[PDB]
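> Here goes the first bit of my complex:
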Amino acid sequence: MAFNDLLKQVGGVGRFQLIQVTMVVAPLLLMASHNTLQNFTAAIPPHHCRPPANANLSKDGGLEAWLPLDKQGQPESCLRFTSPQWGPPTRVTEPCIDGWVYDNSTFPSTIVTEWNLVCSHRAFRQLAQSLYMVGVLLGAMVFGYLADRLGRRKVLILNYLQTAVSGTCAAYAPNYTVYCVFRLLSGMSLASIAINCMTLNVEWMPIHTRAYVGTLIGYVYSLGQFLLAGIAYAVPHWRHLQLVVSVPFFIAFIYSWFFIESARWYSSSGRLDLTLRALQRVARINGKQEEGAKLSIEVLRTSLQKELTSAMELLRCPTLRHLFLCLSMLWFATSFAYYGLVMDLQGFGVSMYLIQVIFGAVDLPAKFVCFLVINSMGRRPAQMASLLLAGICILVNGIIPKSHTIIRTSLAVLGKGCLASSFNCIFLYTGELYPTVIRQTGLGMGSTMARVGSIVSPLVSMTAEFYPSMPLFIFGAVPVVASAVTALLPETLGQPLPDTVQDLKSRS
C-alpha cells in the first residue's frame, strides 16, 4: 500500500489528470522561446562607421572615402579614415566615435543596434546571455530548495509572476545593465518553472507515466521552438517580439491560480488534513465521490508510512565519486556543446527563420531514432555514437569555408538532432543508473553541471576575435572528449536498477 494505490483508486487517466498536466506544461513552449530568444534579439546586422557630420556626404565623394573595405569588399566594422583624401596640399585611421550606421534591410532594430555593441566592448552581447544563464543556474538551485521548503503551487505562481514582469521590463529596459539584470531575474524564474513543471507532473502521475511525461515534455519543447520560429517570422522588432513572448506567462498566470498542490508533498510535509482536502477536491473534479468518501485521515495514515521512515557521501565513496564525476562531466559537455551550437547562426548564410524551423523539424526524427536505438541495440553505444557524430559535425562545419551554405546548414541540422538524441539518452541513463537513494540528488547534480556548461558556452563563444571559428573548434572538441570518457563506465543492459551503494560493485 502506497500513494500509487490511492491514486489509481482515484484514477490516473481522468479529466483532471490531463487538464492539469497540459496547462502546467503549456508555458514550456515560451520557455524554449525565451531560452533561444537572444539569437533572434542579438543579431548583428552589417554596420560601419558613421561619417562625421561636418563633412558633406554628397559632393565630397559619397560613402566610400571614409570607410575602408574588408577582405570581402564590405565596409569596415569599427574603423574609419580621419580625412577623405590625405593630400599635403598625425593619425589617419579612427574608431567610430561619431556613432555607427546600421542597415534595416532585414532586422529593423535589435539590441546591438540599440546600444552599439560592436568591436570594442562587443563582448557585452555574449555577456547578456551568460548572465541570463547564470540566473538560470541560480534559480534552479535556490528556488528549487525554497520550493522544497515551502511547496510547489506558490513557487509556480511566483515563477510565473517573476517571468512575466522580468520579460516586460527587459523589453522596456533603458540601459544595458538594467537589461542584463532583468535577464538575470528572468532566468532565475525560468529555470525554476522548468524544473518544477517536471517535478510536479512526475509527483501527480502514477508509476507507469514517467515515459509519457518525458515524451510530452520533449514534444512541447520542440513545438515551442517552432513557435519561436513562427513568432520571429511574424514580428521583427525586438521590443514587440519580447513583449509577445513575455505576455503569455502573464495571461497563463490567471488560470495558473487554479493549480492543485502535490498531495505527495503534503504527505511528506507531515500534515494530512490538507492532503485529505486535496484528495477530496480532486475526486470532486474527477467526478467520482463514492469511492473517495472512504478516504479518511487514518486511511492514508495506514497507507503512507514506509517511504516516510547528500553530497559529502556522494564524493566520499571512491567508485561513487568516480562515476558521479564522469556523469556530471558528460552533462556539462553535452549541454555546453548544445548551447554553443544552437546560439550561433550568423555564419549560416540562410534566413534565420528557415534554419530555425528546420531545427524544429529535425528534433522529432532524432527522438524516434534515439528511442529505437536504445530499445534495440542499447543506450551506451548510442550515447558515444551520438557524441561522435555531433563532434565530427561541429569540426567539419568549422573547417569548411563559409562560402558553402547548404552542406553547412544540413550538417548543423544533423548535429543538433543527434545532440538532442544524446540529451534524451543521457537523461535516461542517469535516471536508470544511479541508486535510488541518491537518484534525485544525482539528477540535480547533473542538471547543475549542465547549467554550468551552458553558462560557460557564451563565455567561450565570446572569443571570436582571436580566430573566427575557434569557438566552433572548442565546441566540437569538448564532446569528442566527452565520448572518450563515456566509453568507460558500467553498462545497464542487465536492468539491475541498484538501490544500495553496495550494489554498484556487484554489477561491475
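In hand now; what should we look at? Numbering: from 1, shown residues only, chains lettered A, B, ... in the order given.
> measure the spatially closest residue to residue A:83 that is not a sequence neighbour to residue A:104 for me?
Once flanking residues are discounted, residue A:83 sits nearest to residue A:92: 7.2 Å by CB to CB, 6 or more residues apart in numbering. All C-beta spots, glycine's among them, are computed from the backbone N, C-alpha and C. Using CB to CB, to the nearest Å, one gets 30 Å for the distance from residue A:92 to residue A:104.
> ditto for residue A:65
Counting by CB to CB - residue A:65 and residue A:104 are separated by 24 Å.
> of those two, who's got more company?
Per other CB atoms under 10 Å, whichever of residue A:65 and residue A:104 has more neighbours is residue A:65, with 15 against 10.
> from memory that one sits against residue A:85, does it?
Yes. Look at residue A:65 against residue A:85 with CB atoms under 8 Å: they come within range, at 6.8 Å.
> Which residue ranges of chain A form strands?
Using DSSP state E, the strands of chain A run over A:48-49, A:80-81, A:93-94, A:100-101.
> Please give me every residue in contact with residue A:65.
Residues in contact with residue A:65 (CB atoms under 8 Å, 6 or more residues apart in numbering) are A:81, A:84-85.
> Quick one: neighbours of residue A:66, just the number.
25.
> Repeat that for the one 5 residues further on.
Residue A:71 has 5 neighbours, counted by other CB under 10 Å.
> Then residue A:86?
Using other CB under 10 Å, residue A:86 has 9 neighbouring residues.
> next one: the one 10 residues further on
One way to gauge burial is a neighbour count; for residue A:96, by other CB under 10 Å, it gives 24.
> got it, and residue A:88?
Residue A:88 is flanked by 3 other residues according to other CB under 10 Å.
> Could you check how far it is from residue A:81?
From residue A:88 to residue A:81 the distance is 16 Å (CB to CB).
> which ones are touching the closest residue to residue A:393 other than its chain neighbours?
Spatially, and ignoring its direct neighbours in sequence, residue A:393 is nearest to residue A:415 (3.3 Å; CB to CB, 6+ apart). Residue A:415 is in contact with A:341, A:389-390, A:393-394, A:397, counting by CB under 8 Å, 6+ apart.
> what domains does the record give for chain A?
Chain A resolves into domains spanning A:1-42+A:121-309, A:311-501 when parsed by automatic domain parsing.
> surely residue A:63 meets residue A:55?
No. With contact defined as CB under 8 Å, residue A:63 does not reach residue A:55; the gap is 11.6 Å.
> measure residue A:282 to residue A:144 for me?
Distance, residue A:282 to residue A:144, by CB to CB: 25 Å.
> ditto for residue A:76
Taken as CB to CB, the span from residue A:76 to residue A:144 is 48 Å.
> Ok, residue A:67 next?
Residue A:67 is 51 Å from residue A:144, by CB to CB.
> What's the local residue count around the residue nearest to residue A:83?
Residue A:92 has 9 neighbours, counted by other CB under 10 Å.
> right, and it touches residue A:82 too?
Yes. Contact criterion CB under 8 Å: residue A:92 and residue A:82 qualify, at 5.5 Å.
> Quick one: end-to-end length of stretch A:495-506, please.
Start-to-end span of stretch A:495-506 (CA to CA, to the nearest Å) is 13 Å.
> Report the buried residues of that stretch.
A:496, A:498, A:504 (16 or more other CB atoms under 10 Å).
> From residue A:435, how far off is the first one?
Shown here: residue A:496 relative to residue A:435, a distance of 10 Å by CB to CB.
> What of the second one?
Between residue A:498 and residue A:435 the distance is 4 Å, computed by CB to CB.
> Kindly point out which residues are neighbours of both of the two.
Joint contacts of residue A:498 and residue A:435 (CB under 8 Å, 6+ apart) are residue A:504.
> What about the nearest residue to residue A:80 once chain neighbours are set aside, how many residues nearby?
In this structure, residue A:80 finds its nearest non-sequential neighbour in residue A:49, 3.5 Å apart by CB to CB, 6+ apart. Residues lying near residue A:49 (other CB under 10 Å) number 24.
> attach chain B to the model above:
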Amino acid sequence: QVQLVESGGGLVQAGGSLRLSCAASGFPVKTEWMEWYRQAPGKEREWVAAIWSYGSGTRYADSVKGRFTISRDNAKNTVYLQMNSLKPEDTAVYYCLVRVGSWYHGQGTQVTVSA
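Placed with the earlier chains, chain B looks like this:
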C-alpha cells in the same frame, strides 16, 4: 618608425605600362595587409587593389578587374604595381597604406594618363 616612400610618377600615353612601388620598412611584404589606393583630382580616394599577408589572396576593383596587376616583393620589402591599357580616367595620385586600416599612409605618387 615605418617609411612608405613610393616612386613611379610620370606621364605616359594611354595603353602603356607603368610600374609603381612603395619602399616599406619595419615589416615584411607577406606579414601584413598591403593595399594601394588612388585619389583622382576632384574624386574620392577609392580602393584599387590589395595584397594580404603570406599571399592569402589578391583582390581588385570592379572598374579595375582585369585591367591592372598588383604584385609584391619580400626581398626589398616593396610591392610592385603595374597596369596595362591605362584608361583616360585612370590618371590619379596613387598611394599605399600599411594594412586594411593602419596608422601609416604613403606620401603619394601622381601619375598622368593624358591621351
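> Check the neighbour count of residue A:92 one more time with chain B there.
Using other CB atoms under 10 Å in any protein chain shown, residue A:92 is surrounded by 16 other residues.
> so it touches residue B:98, yeah?
No. At 9.5 Å, residue A:92 and residue B:98 do not qualify as touching, with contact defined as CB under 8 Å.
> residues shared between the contacts of the two?
Jointly contacting residue A:92 and residue B:98 under the rule CB atoms under 8 Å, 6 or more residues apart in numbering or on different chains are residue B:105.
> Give the phi and psi angles for the residue nearest to residue B:88 when sequence neighbours are not counted, as a check.
Using CB to CB, 6 or more residues apart in numbering or on different chains and skipping residues adjacent in sequence, the residue nearest residue B:88 is residue B:113, 5.5 Å away. Dihedral pair for residue B:113: phi -90, psi -40, per degrees, to the nearest 10.
> Contacts only, for residue B:113.
Neighbouring residues of residue B:113 by CB under 8 Å, 6+ apart: B:12-14, B:86-91.
> quick check, nearest of the residues you listed to residue A:461?
Residue A:461 lies nearest to residue B:90 out of those, by CB to CB, at 45.8 Å.
> how many other residues sit next to the one residue in chain B that gets nearest to chain A?
Chain B approaches chain A most closely through residue B:44 (2.6 Å), counting by CB to the nearest CB. Residue B:44 has 17 neighbours, counted by other CB under 10 Å.
> Distance check, it against residue A:178.
From residue B:44 over to residue A:178 the distance is 42 Å, taken as CB to CB.
> what's the answer for residue A:391, then?
Counting by CB to CB - residue A:391 and residue A:178 are separated by 39 Å.
> And these two? Which one has more around it.
A direct count of neighbours by other CB under 10 Å for residue A:391 and residue A:178 places residue A:391 higher, at 25 against 13.
> Please report how far the nearest residue to that one once chain neighbours are set aside lies from residue A:323.
Using CB to CB, 6+ apart and skipping residues adjacent in sequence, the residue nearest residue A:391 is residue A:480, 4.2 Å away. Using CB to CB, residue A:480 is found at 21 Å from residue A:323.
> Can you report how many residues lie near the residue nearest to residue A:391?
With other CB under 10 Å as criterion, residue A:480 counts 17.
> and if you look at residue B:115?
Number of residues near residue B:115 (other CB under 10 Å) recorded here: 6.
> wait, what's in contact with it?
Residue B:115 sits next to B:13-14, B:88 when contact means CB under 8 Å, 6+ apart.
> By neighbour count, which of those wins?
Compared across these, residue B:14 has the highest neighbour count, 13 neighbours, by other CB under 10 Å.
> can you give me the offset of stretch A:388-401 from its chain's centre?
Chain-centre distance of stretch A:388-401: 22 Å, with CA atoms, centre = their mean, to the nearest Å.
> How about the residues of chain A by chain B?
Residues of chain A found near chain B, taking CB under 8 Å from any CB of the partner chain as the criterion, are A:60-62, A:64-65, A:68-71, A:73, A:76, A:79, A:81, A:84-88, A:91-93.
> Write the PyMOL selection for whichever of those are buried.
A single PyMOL command selects the buried members of these (16 or more other CB atoms under 10 Å in any protein chain shown):
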select buried, chain A and resi 61+65+68+69+76+79+81+84+85+86+92+93
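> Bridge partners for the residue nearest the centre of chain B, pull those for me.
Note on chain B: the residue nearest the mean C-alpha position is residue B:36, at 3.3 Å, using CA atoms, centre = their mean. In this entry, residue B:36 is beta-bridged to residue B:49, residue B:96, by DSSP bridges.
> Isn't it up against residue B:96?
Yes. Using CB under 8 Å, residue B:36 and residue B:96 qualify as a contacting pair, with a distance of 4.9 Å.
> Common neighbours of the two, please.
Here residue B:36 and residue B:96 share the contacting residues B:22, B:79, scored by CB under 8 Å, 6+ apart.
> Strands along chain B, start to end?
For chain B, strands defined by DSSP E occupy the ranges B:4-7, B:18-24, B:34-39, B:46-51, B:58-59, B:68-70, B:78-83, B:93-96, B:109-110.
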